[PDB]
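Presented below is the structure to which this report refers.
FYI, side chains are in, hydrogens and waters are out, and symmetry mates aren't considered; it's all heavy atoms of this structure. Note on naming: letters A, B, ... go to the chains in the order of the sequence lines (proteins, then strands), and numbering restarts at 1 for each one. We count ligands from 1, going down the list as the structure has it; atoms in each ligand are counted the same way.
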Amino acid sequence: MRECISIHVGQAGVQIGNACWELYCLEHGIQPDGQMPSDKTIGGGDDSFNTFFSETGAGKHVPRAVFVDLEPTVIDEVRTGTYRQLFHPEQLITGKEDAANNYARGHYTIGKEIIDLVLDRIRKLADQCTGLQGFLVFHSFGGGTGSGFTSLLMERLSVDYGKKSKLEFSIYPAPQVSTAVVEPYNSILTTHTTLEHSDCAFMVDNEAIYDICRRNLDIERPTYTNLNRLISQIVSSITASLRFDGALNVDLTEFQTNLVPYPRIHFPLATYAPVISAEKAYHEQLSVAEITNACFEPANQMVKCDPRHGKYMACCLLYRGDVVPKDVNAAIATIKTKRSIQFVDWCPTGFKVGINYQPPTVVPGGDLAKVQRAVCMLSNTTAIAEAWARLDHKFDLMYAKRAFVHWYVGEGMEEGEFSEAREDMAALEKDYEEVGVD
Amino acid sequence: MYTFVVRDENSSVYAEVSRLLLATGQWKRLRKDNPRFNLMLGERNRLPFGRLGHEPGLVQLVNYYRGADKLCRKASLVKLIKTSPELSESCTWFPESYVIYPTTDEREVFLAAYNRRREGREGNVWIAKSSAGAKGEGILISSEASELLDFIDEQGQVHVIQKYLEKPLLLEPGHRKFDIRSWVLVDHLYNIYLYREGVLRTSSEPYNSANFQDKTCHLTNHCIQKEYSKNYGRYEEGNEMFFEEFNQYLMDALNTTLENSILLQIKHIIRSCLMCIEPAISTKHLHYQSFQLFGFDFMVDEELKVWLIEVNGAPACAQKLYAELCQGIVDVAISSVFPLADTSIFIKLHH
Amino acid sequence: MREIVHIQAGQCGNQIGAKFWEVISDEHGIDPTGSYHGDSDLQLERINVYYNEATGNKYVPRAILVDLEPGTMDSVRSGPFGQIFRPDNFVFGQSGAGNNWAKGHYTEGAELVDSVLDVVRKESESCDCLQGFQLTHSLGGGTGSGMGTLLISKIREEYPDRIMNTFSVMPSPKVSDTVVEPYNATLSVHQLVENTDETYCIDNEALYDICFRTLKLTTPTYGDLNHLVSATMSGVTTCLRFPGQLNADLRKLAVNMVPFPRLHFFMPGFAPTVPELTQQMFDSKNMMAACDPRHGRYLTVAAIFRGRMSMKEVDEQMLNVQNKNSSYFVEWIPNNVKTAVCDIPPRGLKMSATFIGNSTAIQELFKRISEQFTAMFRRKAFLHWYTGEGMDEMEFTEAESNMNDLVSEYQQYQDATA
Amino acid sequence: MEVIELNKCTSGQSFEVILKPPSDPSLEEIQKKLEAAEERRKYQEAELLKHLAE
Ligand SMILES: Nc1nc2c(ncn2[C@@H]2O[C@H](COP(=O)(O)OP(=O)(O)OP(=O)(O)O)[C@@H](O)[C@H]2O)c(=O)[nH]1
Ligand SMILES: CNCCCOc1cc(F)c(-c2c(Cl)nc3ncnn3c2N[C@@H](C)C(F)(F)F)c(F)c1
Ligand SMILES: Nc1ncnc2c1ncn2[C@@H]1O[C@H](COP(=O)(O)OP(=O)(O)CP(=O)(O)O)[C@@H](O)[C@H]1O
Ligand SMILES: Nc1nc2c(ncn2[C@@H]2O[C@H](COP(=O)(O)OP(=O)(O)O)[C@@H](O)[C@H]2O)c(=O)[nH]1
Ligand SMILES: [Ca+2]
Ligand SMILES: [Ca+2]
Ligand SMILES: [Ca+2]
Ligand SMILES: [Ca+2]
Ligand SMILES: [Mg+2]
Ligand SMILES: [Mg+2]
């Protein structure tokens, strides 16, 4: 058994981390006090769920997680929340002045002051690992800590742990829930600095999560808690293969080899179904072919783009609940009849499929209904480059006039890092084009 | 009120649609890159489809279908025809055609059938075309394959070669060739609307079987007959004959209708072309919605068989009909999504 | 825990400042004794931003009161809450400033300023993590204007990495009670251009018209004008005093509101259904700076709604004003209007809507002052009272050039396209 | 439609479905990066403190 360490950076990263860990505990049967009645290996074990949970002699199960934010408002609600006793105060790290939605301030000014303490506390968790896989990093693109400090930590993790794999879960900025005008700048600057250190990054556009919550859960103005509860679902179905017995994506390395044939194009599109509101008296279950077919509708994607106008290079199907391989191959065959699914010449037209018999777990009181079969699709389609085109254009409009740039220079960044980062994503947008376009 | 932007200012059709929307009193025009628009009358090349449908609180509409290029360009159309089961490489209404690149390429395909009919001494006059050429240039006809792709390796753009219509229906008086242009509007619901009024764009010099040299007996394009033509304008003004008079000619001269004799074939070719790509370009459940106006180009042989020769995704109208069509665009494609305050000119082709 | 230090200088500053502490003390449930007796406990979650907590859970405003004459500060010590303030934070002189910016900045104010920064420095070191400073003052007088901007420049020297905010009453287009106000205002604007991060511009003619035309008070007073200001100061600082996340501290607000460092002068507005408020909030008749926004374009905008309301409607209504009036927002700053909603309403009202615009139409205020300044300075009228306190003429020229440059910048960005 | 690499266990099943076959900076350089940024900051603070001393 090989371990994974999760790192939660900034407000978004932490609040999403705390929704993921609550969901993990319900899925594995761990209580708020870290006690696992189903666990008969006391104070130890090489079970696959031990990839995410340590174990004390007293029988507590501790997340292999570190939370870091440069202001304490958010992490302290973890210290006082219903899962407070899950963590050791040494896994939670606070500044007192945050990055003020300023990449340069989280990366250069404040990141320099705190990066070495975060690495120490990470190292203490890595010390008790018999064979570390790598890290899953949760953060936002728009925040100053999420963008600025995250990219600095990835640079340092690539040397302190040069061989380990690094996976990202990144929140792409959406104006309907965004906190700052500068989020396009922070997104581009951190993507450029982080790109050659990330092995595989699953980006969630808050816009898509927002309108799913509106349309399918009938929440008229979704909150972060509503967004995070759905986000945790998709995250859990992606990490389930690391925490449960199986033979697909059992190692962080498999994510890259199965989904990322091109190192720079390491941004898989996630699509999830079914998202059904829990208060609707009830619904008649959907087929395997129906939720599988929902995975090709843009209204269910974590990022709103049109895969029909690009090419796939890989596709995984992660089912949970009452599903068997017969019904899957039937849905796939019939779905390739009616859908535009064009792979690249250089790759086979195929689907890797995983099934876990445990139906999806839902949080009590949440807005999502207990289903008995769900599916998450991971497809590496060039269509996700539409998200880079949107951001790059917003970046361009403001930067042509140097709007807000003085806030970054004032922190010691040079104007040239702006042009450098923008030229990188210009290349990336073109790389995406040569692959998926004729 | 509603907002819209104009990003191809040299479009005759949507130049007039813009003018009619402003006369509404319910539409205001922002400029190029104001993103807070309801409707985008977009550019022809590299229109940013990825930036549409991402403005909170605004239903957005664009006058182009992402992906309609695979049908509106020659190389793409032939690949579409031959590789789509719905449309068959044995397609009856599309002329024998082959994609061939200068200097995936059907050039040895092409002369296999060339010699096959030389063996049978059947008609062996082909034609080579491209998307880059215009002005009746980058176009050539001849009987011997040898120097017609001696002629396109002479260029560096992809060109197609296509069996030439050697026995076309020829108007009299004149003994002259012609094309038929039909305008079709696909709205956001993918209703296929056919403009009741077409036009025959005509040649004004008798069709000369004997030599392909001078391309004014051969190429019915509006401009070459306006530009290298003695009698451009004699029989009909502007070499534009419209359906009412063409109908009367076929009746008087061959005892048949237009609707019967030709239109049923046109409507069938349109349905087949656009339903074949619906799964690939429909915006039914997309964050933005599309409509688009196409111009189909058909030719008719002597047996009253209709042939499709190309589809135009950014078409121009005929001067007599700009008013009627352009307002039909507003009522069916624009005011369909953006209602205004308070018979028909299209043929719906069901599906 | 992200504490602010409040300073009020001159008569105007101390009056406005005094009523500001009345309004937000009631909002946070503090009584004139400094003891809390409120209903909810969001009243106290961020009370440390503006109040020092002291013995017996007595809450003392982190406020410093400054003037060159004792009169106006006897009035505040007499007022409803005059007893809430720390008596050592009254820092006062006896000479006065004589409506003379030079006296406030260079001579009379020089004698008193080091005692003010002594109190500022003791407040600041009782701060777990000082956020910045906010000053209330007039630009037309001598103390708030001349000594106010001296305090600012001295505070920037000791705290160069902290935010500096001002609420600044500016000369009015038609109304004046002193002859030399153009000189005092121009000399202070030059100081503010370079040493503040955010300035809220207020003038009395606009505040008066609201009082008379809208709230139908037959004979408005400075007291009425001052309740208006203090109500909108409570509004613009709601996101700093109550749990939220948009514009929750002074630096984050600055990053979202100031695209270019010199254009940090804002138009405040206030109002009074949800479609009702959002129409009011954007009307010229509801802003307090006597500039019409339709004569410029918004570089950024911050809208704050208070009370309990359908945030779905608020989100929908703001979107409609943006898409309805796109012409008045720069197209090269995407999504430049940000909305915050806090549940606790102001007293008397149930749904508030305060507006913070960074509009290039503020150009008009600086050109009004520039035209007055030049008409006097071209003839050196009244200048001997300033050079008589030691000033050079070139100090006036430089201030004039800088305010004219500021006007050119606003026009530059008013014109820019994408 | 081949169904290769089938694996089963108590918790679930895995397999592949083919439809059609085909046709970093040093640690030293990092702090040198953060020190050049810290230099530029203090050069800026110094010029302001000099300007205010003036
Ligand atoms: N989905 C989701 N998005 C969030 C959450 N919190 C913040 N965001 C988004 O992230 C952006 C703001 O970044 P934050 O994470 O709050 O900033 P930060 O990382 O804490 O950095 P600083 O506060 O500037 O130091 C906006 O685009 C928000 O919409 C969250 O809990 N869930
Ligand atoms: C239709 N557009 C006209 C706008 C009228 O604008 C205003 C503003 C004010 F601030 C006052 C005002 C008030 Cl309200 N209270 C006062 N107490 C002592 N002085 N003083 C005031 N002004 C001094 C100069 C005066 F009285 F000498 F005129 C005022 F009267 C009109
Ligand atoms: N296989 C064929 N046989 C006979 N004539 C043909 C032919 N293909 C094309 N033509 C004729 O040559 C002319 C020019 O061909 P084509 O339509 O492709 O040029 P073009 O792209 O400029 C038309 P438009 O200007 O409307 O886009 C046509 O009007 C047609 O009459
Ligand atoms: N709103 C308001 N404005 C005032 C008040 N007192 C003075 N002013 C304004 O400020 C100017 C006089 O400045 P003042 O505060 O008396 O000067 P200072 O004491 O030297 O700072 C005039 O233009 C008035 O419009 C007041 O109590 N309220
Ligand atoms: Ca165990
Ligand atoms: Ca690496
Ligand atoms: Ca003295
Ligand atoms: Ca001293
Ligand atoms: Mg934060
Ligand atoms: Mg053409």
Using 4.0 Å as the upper bound for N to carboxylate O, is an ion pair formed by [Y] and [X]?
X: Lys135(B); Y: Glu227(B); result: yes
X: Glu144(B); Y: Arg118(B); result: yes
X: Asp199(A); Y: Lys166(A); result: no

Query raised in the report: Looking at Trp101(C), is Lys103(C) sitting on its ring face, NZ or CZ under 6.0 Å from the six-membered ring centre and within 45 degrees of the normal?
Result: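 No cation-pi geometry.
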
Query raised in the report: Do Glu324(B) and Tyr195(B) get their side chains close enough for a donor-acceptor pair, meaning under 3.5 Å?
Result: yes

Requested in this report: For residues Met147(C) and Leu112(C), determine if any side-chain heavy atom of one lies less than 4.5 Å from a side-chain heavy atom of the other.
Outcome: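 Sidechains of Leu112(C) and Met147(C): in contact.
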
Query raised in the report: Does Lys74(B) reach the side chain of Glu310(B), with side-chain heavy atoms less than 4.5 Å apart?
Result: yes

Report summary line: The residue among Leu136(A), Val118(A), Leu157(A) that forms side-chain contact (heavy atoms from CB on, under 4.5 Å) with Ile7(A) is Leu157(A)

Query - Count of N, O or S atoms belonging to protein, less than 3.0 Å from the Ca ion (ligand 7) - result: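 With waters ignored, the protein N/O/S count below 3.0 Å is 1.
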
Query raised in the report: So, for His159(B) and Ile152(B), which heavy atoms are closest and what is the spacing to 0.1 Å?
Result: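 Result for this residue pair: ND1-CG2, 3.4 Å.
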
Note every protein N or O atom lying under 3.5 Å from an N or O atom of ligand 3, pairing the names and giving the distance.
unit_1: ligand 3; atom_1: 1 (N); unit_2: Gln162(B); atom_2: OE1; d: 3.1
unit_1: ligand 3; atom_1: 1 (N); unit_2: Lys163(B); atom_2: O; d: 2.7
unit_1: ligand 3; atom_1: 3 (N); unit_2: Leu165(B); atom_2: N; d: 2.8
unit_1: ligand 3; atom_1: 5 (N); unit_2: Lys177(B); atom_2: NZ; d: 3.0
unit_1: ligand 3; atom_1: 8 (N); unit_2: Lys129(B); atom_2: NZ; d: 3.2
unit_1: ligand 3; atom_1: 8 (N); unit_2: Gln162(B); atom_2: OE1; d: 3.0
unit_1: ligand 3; atom_1: 18 (O); unit_2: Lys129(B); atom_2: NZ; d: 2.8
unit_1: ligand 3; atom_1: 18 (O); unit_2: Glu310(B); atom_2: OE1; d: 3.2
unit_1: ligand 3; atom_1: 21 (O); unit_2: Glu310(B); atom_2: OE1; d: 3.2
unit_1: ligand 3; atom_1: 21 (O); unit_2: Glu310(B); atom_2: OE2; d: 3.1
unit_1: ligand 3; atom_1: 25 (O); unit_2: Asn221(B); atom_2: ND2; d: 3.2
unit_1: ligand 3; atom_1: 26 (O); unit_2: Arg181(B); atom_2: NH2; d: 2.9
unit_1: ligand 3; atom_1: 26 (O); unit_2: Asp297(B); atom_2: OD2; d: 3.3
unit_1: ligand 3; atom_1: 27 (O); unit_2: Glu310(B); atom_2: OE2; d: 2.8
unit_1: ligand 3; atom_1: 27 (O); unit_2: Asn312(B); atom_2: ND2; d: 2.5
unit_1: ligand 3; atom_1: 29 (O); unit_2: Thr220(B); atom_2: OG1; d: 2.8
unit_1: ligand 3; atom_1: 31 (O); unit_2: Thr220(B); atom_2: OG1; d: 3.2

